[PDB]
Every structure is written in structure tokens, then in C-alpha cells.
Amino acid sequence: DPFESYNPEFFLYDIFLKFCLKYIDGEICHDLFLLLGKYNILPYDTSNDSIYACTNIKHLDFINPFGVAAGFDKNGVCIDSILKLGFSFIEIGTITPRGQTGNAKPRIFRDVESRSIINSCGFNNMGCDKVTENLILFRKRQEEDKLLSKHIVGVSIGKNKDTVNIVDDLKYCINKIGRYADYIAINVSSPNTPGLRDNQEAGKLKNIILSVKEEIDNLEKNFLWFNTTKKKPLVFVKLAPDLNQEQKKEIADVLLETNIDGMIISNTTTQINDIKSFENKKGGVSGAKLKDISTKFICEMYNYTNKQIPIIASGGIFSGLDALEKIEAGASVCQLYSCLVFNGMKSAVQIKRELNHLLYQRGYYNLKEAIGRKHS
Ligand SMILES: Cc1cc2nc3c(=O)[nH]c(=O)nc-3n(C[C@H](O)[C@H](O)[C@H](O)COP(=O)(O)O)c2cc1C
Ligand SMILES: Cc1cc([C@@H](C)NC(=O)c2[nH]cc(-c3c[nH]c4cc(C(F)(F)F)ccc34)c2C)no1
Ligand SMILES: O=C(O)c1cc(=O)[nH]c(=O)[nH]1
């Protein structure tokens, strides 16, 4: 009930959201969300998640299948509040070794009609040292907090605008923040850092993955794991949707050869040009117009990797049916971003309820049974 109690479905957040979406600049709305979360004003989801919808990637045990994608809490300033909206994990970042402002504002625009976003942020963030401090404070609160004990935090790492060789920046971040992360996401897919997506070429990607796995493995050589797993972070790579079939196949071969732990499919696209209000805007597109592109990409990569590399789905997930489509395509877990922007505080409670209903209606015993079922 949205009227009798303060909870994630509280009606006033919907009224306010509809006002913001009509009249207020996107990044300003986001700053207000982060302000509310920073002060823990936001409501909590207090309910037991269904045991039949839990999922895992190796030893990462997600209490439910929905997390928040990178770029939402770039600096890790309200991890707690976002998770307590009902999400099982969050990926903070993308961070870089040194703080940087990113591109000039305005650099984010929304199209409500088509539930789409375009952004040219440019990796704005406070820098690895400060974000590490934020994550350490979270980890210290998490040890005492009944609600946060099993929640997972990943960290997405990238390079500073000026950096020649991306591996130097990735190594700096791993050595600073890696011991507080449940997983590291290697961002080689932003469309807003010129040349970054060239690092998806097989030779370059292979060297990047091995360098990152080596730097993580060297942490124990130099109490250690102050994270949820109590184990060294897993390594994921976040992939761009704008690739041809030859590129996707060579990437899949590298992911198999390097024993990467998972792949995040996918980042924003540069190939959607049928949104009027975006016509002269720069950046990558998120939201409902990305859904089909990224689901097909999941199917392709699940098959190219012989179902051996777990998939984190990202792209146009708004509803329980969208989530089930991703899972049946091959994903083990889903990340939301645009859903939070357009459906607001209730996003996680609503989508979890809708997916539990679908799993019943479709005859699945649990969610794991549905993973990859399109291909069976
Ligand atoms: C404003 C904005 C900033 C983003 N920043 C990052 C980022 O820093 N790192 C990253 O890997 N993805 C970033 N993303 C991409 C999202 O993580 C996600 O992959 C994408 O928005 C597709 O999901 P969606 O359709 O549910 O929005 C950003 C997206 C938006 C809209
Ligand atoms: C980085 C980055 C992202 C962006 C853009 C894409 N993000 C948003 O548009 C955004 N993010 C979160 C909300 C929100 C949901 N529900 C709300 C409720 C309120 C309330 F008014 F009730 F307080 C305010 C905001 C929200 C909105 C509208 N810009 O930069
Ligand atoms: O900072 C950004 O511009 C950004 C990064 C990223 O990975 N994806 C995206 O759409 N934007």
C-alpha cells in the first residue's frame, strides 16, 4: 500500500519523480537521489527475498537476482541506502586512479516516452583513494548491520582521460581498493572515452585480463579480504554492444582462455539514432531501446563461450518479464539503471515480485532452472 506507510512504494516518491522527469535536469535529479541516500532518508525493503530466486556466480551468493549497475553510485557515497531499497548488489564506479570532472555539463538527457537515456559523462569520479575510503566505511557499517550482511559490492575500474596504457591505471586501482571488493569489473566498453573500446581487441583484452588477475593474485603476497565473500575478488569484463560477429567470437575465445569469472553484457550503445529528442546529442544510449540489442548479445556470447562464462545482464530491464528474458537467454543475474530512473524507489520491490510471479506462472522450481533455457 503506497499511502498508509513509508516504504519503497510510498506514493509521494512517485509524485515527486513524475515532477522531476518533466521539469528537472537529469543530473540534478540524480544528485537529489544521492543526497537522500547519503542521509539514509530513503525507505527500506525489510522483506525476506524468496529463496527460489537466489542465484550465484562461483562463490558469490546473491540473495536475489537484481543489482544496480555501474555509473549510478560512481563514488560509493550511498551504497547502504541503494542496497536497502531491495537490491542484492551494487557495482560502484567506474573509478579511475585520480579524480576527474568528466565532460562539461549538461551531459545526461532522458526521453521518458521511450524510457531512454543518453550520456557523455566521461568517467567523472572522486578518484580511487577517496572512493576506497568510502567503501571502507561501508564495510565497517556492514559488519554490524542485520540488513547488509550478505549484500555484494563490486568495483568497476577504468583509466584517467590522460592515461596512455590502461593497465597502469587498472593496477593502481586494484592495489588500492581490491581487498574491499567482492568483484572487479574491467570497463573496456564506455563509448565516452575515445579509444577505450579498442581494448576489446583480442590481443589487448587478453593482456588486460591477465594483468588484472595477476595484480589481484599478488595482493595476498604483499584479515586480508574485507569484503562480503572473504575471498579475493572475482574478475568480470564489461562489454560494448557495438561489435560485429567476428569481434564477438574472438572476445569469447579470450574469455575462455583467460578463465575470466564473468561477463557483464552490456554497456550503452552508439547505434540508436531514432530518438528525436536525442538527435544532436553525444554519448551512449541506455534504457528500453537497448533491451533487444543486449539480449541478443547475451544469447550470442552464451553460445560462443559454450555456456562456461556466467553472464551479468545489463540493458533495458524494467519488468519481471524483461528479467526473465535475460535469464533464459543466459544471464545468471541482472543489473538495473534506467529502471531506477523511470520507476524510482519501488523499482526493486516491484521487479522482484513480478519475477517471482513469472517463475510460478512458467512452472520453474527456482530461478537457476531458468538460466539459459531459451537454448535448451
Ligand atoms: C549516466 C550513466 C552513467 C553510466 N556510467 C557507467 C560507468 O561509469 N561504468 C559502466 O560500466 N557503465 C556505466 N553506465 C552504463 C550502465 O551501467 C548500464 O550498463 C547501461 O545504462 C544499460 O543499462 P540500462 O538500460 O538498464 O540503463 C552508465 C549509464 C548511464 C545512463
Ligand atoms: C549519473 C547520473 C544519472 C543521471 C540521470 C539519468 N538520473 C536520473 O534522472 C535519476 N536518478 C535517480 C532518479 C530518481 C528516482 N526516483 C527519484 C525520486 C526523487 C525525489 F524527488 F523523490 F526525491 C528524486 C530523484 C529520483 C532520477 C530521476 N544523471 O546523472
Ligand atoms: O562515464 C561515462 O561516460 C560512461 C561510462 C560507461 O561505462 N558507460 C557509459 O555509458 N558512460
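Per the entry's author numbering: the sequence shown = residues -2 to -1, 158 to 377, 414 to 567. The C-beta atom is built at its ideal place from N, Cα and C for all residues, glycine as well.
Spatially closest choice to residue i from the options, by CA coordinates
{"i": "residue 312", "options": "276, 298, 319 and 225", "result": "225"}
{"i": "residue 433", "options": "502, 334 and 476", "result": "476"}
{"i": "residue 542", "options": "554, 524 and 294", "result": "524"}
{"i": "residue 492", "options": "335, 315, -2 and 566", "result": "566"}
{"i": "residue 260", "options": "219, 181, 557 and 558", "result": "181"}
{"i": "residue 545", "options": "191, 221, 167 and 236", "result": "221"}
{"i": "residue 339", "options": "427, 316 and 267", "result": "427"}
{"i": "residue 562", "options": "528, 526, 516 and 527", "result": "516"}
{"i": "residue 178", "options": "564, 287 and 267", "result": "267"}
{"i": "residue 347", "options": "431, 423 and 301", "result": "431"}
{"i": "residue 212", "options": "520, 284, 425 and 564", "result": "425"}
{"i": "residue 559", "options": "465, 526, 203 and 216", "result": "216"}
Assumed close pair residue i, residue j - CB separation to whole angstroms, cut-off 8 Å
{"i": "residue 355", "j": "residue 345", "result": "That pair is no contact at about 11 Å."}
{"i": "residue 453", "j": "residue 501", "result": "4 Å"}
{"i": "residue 530", "j": "residue 508", "result": "6 Å"}
{"i": "residue 238", "j": "residue 303", "result": "6 Å"}
Contact check, residue i vs residue j, beta carbons under 7 Å
{"i": "residue 308", "j": "residue 337", "result": "yes"}
{"i": "residue 231", "j": "residue 189", "result": "no"}
{"i": "residue 275", "j": "residue 474", "result": "yes"}
{"i": "residue 321", "j": "residue 478", "result": "no"}
{"i": "residue 240", "j": "residue 539", "result": "yes"}
{"i": "residue 429", "j": "residue 455", "result": "yes"}
{"i": "residue 489", "j": "residue 514", "result": "no"}
{"i": "residue 310", "j": "residue 341", "result": "no"}
{"i": "residue 463", "j": "residue 480", "result": "yes"}
{"i": "residue 214", "j": "residue 461", "result": "no"}
{"i": "residue 236", "j": "residue 218", "result": "no"}
C-alpha gap between residue i and residue j, whole angstroms
{"i": "residue 270", "j": "residue 414", "result": "44 Å"}
{"i": "residue 299", "j": "residue 193", "result": "18 Å"}
{"i": "residue 377", "j": "residue 330", "result": "10 Å"}
{"i": "residue 318", "j": "residue 352", "result": "14 Å"}
{"i": "residue 184", "j": "residue 518", "result": "31 Å"}
{"i": "residue 305", "j": "residue 361", "result": "32 Å"}
{"i": "residue 498", "j": "residue 450", "result": "13 Å"}
{"i": "residue 292", "j": "residue 417", "result": "11 Å"}
{"i": "residue 373", "j": "residue 437", "result": "34 Å"}
{"i": "residue 227", "j": "residue 262", "result": "14 Å"}
{"i": "residue 234", "j": "residue 335", "result": "13 Å"}
{"i": "residue 172", "j": "residue 359", "result": "43 Å"}
{"i": "residue 459", "j": "residue 528", "result": "11 Å"}
{"i": "residue 169", "j": "residue 245", "result": "23 Å"}
{"i": "residue 370", "j": "residue 327", "result": "9 Å"}
Cβ-heavy atom distance, residue i to ligand 4, below 6 Å
{"i": "residue 247", "result": "In terms of ligand content, the structure shown lacks ligand 4 and carries ligand 1, ligand 2 and ligand 3 instead."}
Touching by the beta-carbon criterion (3+ pairs, under 8 Å), the stretch 159 to 171 and the stretch 197 to 205: yes
Mind the definition here: the stretch 229 to 249 touches the stretch 272 to 285 only if three or more C-beta pairs lie below 8 Å; say whether that holds. yes
Would the stretch 549 to 563 and the stretch 202 to 211 be scored as touching if the rule is three or more Cβ pairs under 8 Å? yes
Validate contact between the stretch 526 to 534 and the stretch 483 to 499 using beta carbons, cut 8 Å, 3 pairs: no
Check whether the stretch 427 to 445 and the stretch 465 to 473 are in contact - that is, three or more C-beta pairs closer than 8 Å. no
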